[PDB]
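Asker: The sequence shown runs 14 to 271 under the authors' numbering. Cβ atoms here follow ideal geometry from the backbone N, Cα and C, with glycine treated the same way.
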Amino acid sequence: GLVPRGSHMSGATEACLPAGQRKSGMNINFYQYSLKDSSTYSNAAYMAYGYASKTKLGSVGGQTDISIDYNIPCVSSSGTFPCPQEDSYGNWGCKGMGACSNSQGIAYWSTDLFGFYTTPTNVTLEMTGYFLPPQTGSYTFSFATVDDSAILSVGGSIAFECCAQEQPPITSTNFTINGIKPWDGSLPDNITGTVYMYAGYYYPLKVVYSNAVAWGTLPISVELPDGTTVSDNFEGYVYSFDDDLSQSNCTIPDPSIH
Ligand SMILES: OC[C@H]1O[C@H](O[C@H]2[C@@H](O)[C@H](O)[C@@H](CO)O[C@@H]2O)[C@@H](O)[C@@H](O)[C@@H]1O
Ligand SMILES: [Ca+2]
Ligand SMILES: [Ca+2]
Ligand SMILES: [Cl-]
Ligand code: NA
Ligand code: NA
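Listed below in structure tokens is the structure:
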């Protein structure tokens with residue numbers, strides 16, 4: 014046929030073509046999250062949009078290295094150093110450092126999350142931007158692990174609305190990756206999610222991440238249609254655009270026929 018048929022039952026992921034100045038990286042907003050609150054981050058509504066009803070702590074823009082790997086301090090005989098969780102032991106010490114004198118259960122202040130001075134022990138953050146596929150085909154996003162709770166959403170009207178990156182969060186709970194901490198204490202039952210994407214369209218991307226205590230971990234990757242994997246550093250794939258609510262043609266409801 015002269016034209017492609019289109020994805021069945023309007024199945025294509027909505028994307029966008031913002032016309033404004035493109036900036037490298039994602040925007041990261043930080044919101045208050047209570048130390049040792051083991052319930053708030055287990056709600057879908059909280060993880061999709063409720064986080065923004067808490068106090069906003071600040072923000073940083075242009076972030077391309079988006080994985081989280083926050084290690085709490087061990088106050089040791091030789092000074093204060095971050096302890097990889099797998100090296101913690103006993104009650105407690107850190108391998109190569111001896112016994113730690115400090116509590117695993119208090120808040121700690123650090124710039125480890127994107128250079129922003131906050132409490133990485135207890136915080137929620139929202140990463141927003143647009144993912145630019147260089148190749149048409151299936152992309153599989155993943156979280157290697159989640160500590161404590163996280164979601165990843167891709168697509169117009171799922172992550173956020175086209176040309177409206179800076180708006181308050183939309184209410185969609187149609188997560189691409191549901192890594193929400195289960196109430197039961199188990200592990201989310203699936204921390205990959207696949208999206209079919211058309212080269213050259215900008216796909217809204219949102220990551221919401223929460224830590225309630227101690228270590229914070231979120232290693233983010235994407236497998237490209239060519240079978241290669243991009244991990245942690247998404248430079249060249251993620252971009253931001255200032256809001257332009259006036260750009261009439263910004264939304265591409267079906268990139269397969271556009
Ligand atoms: O999943 C909750 C929590 O688990 C682990 O922390 C536990 C323990 O090791 C800590 O001493 C106390 C601090 O109050 O909290 C838990 O009982 C860590 O894996 C942590 O990152 C995680 O949030
Ligand atoms: Ca919409
Ligand atoms: Ca934690
Ligand atoms: Cl040791
Ligand atoms: Na770590
Ligand atoms: Na430290």
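Does at least one heavy atom of ligand 2 sit under 6 Å from the Cβ of residue 90?
Answerer: Residue 90: no, Cβ never under 6 Å from ligand 2.
Asker: For my contact list, residue 204 and residue 156 are in at a C-beta cut-off of 8 Å; report their separation, rounded to the angstrom.
Answerer: Going by Cβ atoms, the distance from residue 204 to residue 156 rounds to 4 Å, so yes, they are a contact pair.
Asker: Indicate whether residue 112 and residue 134 have their beta-carbon atoms separated by less than 7 Å.
Answerer: Contact: no.
Asker: Measuring CB to CB, does residue 167 end up less than 7 Å from residue 189?
Answerer: Yes, Cβ-Cβ distance for residue 167 and residue 189 is below 7 Å.
Asker: Identify the continuous alpha helix (DSSP H) that holds residue 59 and give its terminal residues.
Answerer: Element bounds for residue 59: 57-61.
Asker: Determine the closest residue to residue 50 out of 223, 240 and 271, with distance taken between C-alpha atoms.
Answerer: Of 223, 240 and 271, the residue nearest in Cα terms is 223.
Asker: Check whether the Cβ atoms of residue 200 and residue 81 lie closer than 7 Å to each other.
Answerer: For residue 200 and residue 81, no; Cβs fall outside 7 Å.
Asker: Rounded to whole angstroms, what's the CA-CA distance from residue 218 to residue 46? Just pull it up for me.
Answerer: Rounded to the nearest angstrom, the two C-alpha atoms are 22 Å apart.
Asker: Tell me which residues share the same chain as residue 137 and place their Cβ nearer than 6 Å to its Cβ, disregarding the 5 neighbours each side in the sequence.
Answerer: Cβ neighbours of residue 137 beyond the five flanking positions: 44, 46, 64 and 223.
Asker: Less than 8 Å between the CB atoms is what I'm expecting for residue 38 and residue 244, so what's the real figure, rounded?
Answerer: About 16 Å; that fails the 8 Å criterion.
Asker: I'd like to confirm something about residue 194: is its beta-carbon nearer than 6 Å to some heavy atom of ligand 4, or not?
Answerer: Checking every heavy atom of ligand 4 against the Cβ of residue 194, none is found closer than 6 Å.
Asker: For residue 22, which three-state DSSP category applies?
Answerer: DSSP places residue 22 in helix when its eight states are reduced to three.
Asker: Once you ignore the five residues that flank residue 250 on each side, which residues in its own chain have a CB closer than 7 Å to its CB?
Answerer: Cβ within range, chain order: 144, 145 and 243.
Asker: Report yes if the C-beta of residue 112 is less than 6 Å from at least one heavy atom of ligand 1; otherwise report no.
Answerer: No, the Cβ of residue 112 stays beyond 6 Å of every heavy atom of ligand 1.
Asker: Buried or exposed: which applies to residue 126, given that a residue is buried once 16 or more other Cβ atoms fall within 10 Å of its Cβ?
Answerer: Classification for residue 126: buried.
Asker: Check the DSSP bridge columns for residue 193 and list the partner residues they point to.
Answerer: DSSP output for residue 193 lists no bridge partner at all.
Asker: Quick check: is any heavy atom of ligand 3 less than 6 Å from the C-beta of residue 136?
Answerer: Checking the Cβ of residue 136 against ligand 3 gives no.
Asker: Check whether the Cβ atoms of residue 180 and residue 141 lie closer than 7 Å to each other.
Answerer: Going by C-beta atoms, residue 180 is not nearer than 7 Å to residue 141.
Asker: Rounded to the nearest angstrom, what separates residue 98 and residue 55 at their Cα positions?
Answerer: Roughly 23 Å separates the two Cα atoms.
Asker: When the distance is taken between beta carbons, is residue 269 closer than 7 Å to residue 20?
Answerer: In contact: residue 20 and residue 269 (Cβ atoms closer than 7 Å).
Asker: Looking at residue 29 and residue 169, is the spacing between their C-beta atoms short of 7 Å?
Answerer: Yes, the pair counts as a contact, with Cβ atoms nearer than the cut-off.
Asker: Have a look at residue 123 and residue 85 and give me their C-alpha separation to the nearest angstrom.
Answerer: Answer to the nearest angstrom: the Cα atoms are 9 Å apart.
Asker: Grab me the residues of residue 62's own chain with a C-beta within less than 6 Å of its C-beta, minus the 5 sequence neighbours each way, in chain order.
Answerer: The residues are 182 and 184.
Asker: If you follow the beta strand (DSSP E) that residue 236 is part of, which residue opens it and which one closes it?
Answerer: 233-236 is the span of the beta strand (DSSP E), which, as asked, contains residue 236.
Asker: Reducing DSSP to helix, strand and coil, say where residue 178 ends up.
Answerer: Looking at residue 178 - three-state DSSP - the assignment turns out to be coil, as it is neither helix nor strand.
Asker: Note down, in chain order, each residue of its chain lying with its Cβ closer than 7 Å to the Cβ of residue 147, except the 5 sequence neighbours on either side.
Answerer: Cβ neighbours of residue 147 beyond the five flanking positions: 212.
Asker: Output the distance between the C-alpha atoms of residue 31 and residue 267, rounded to the nearest integer angstrom.
Answerer: When rounded, the distance between both Cα atoms is 15 Å.
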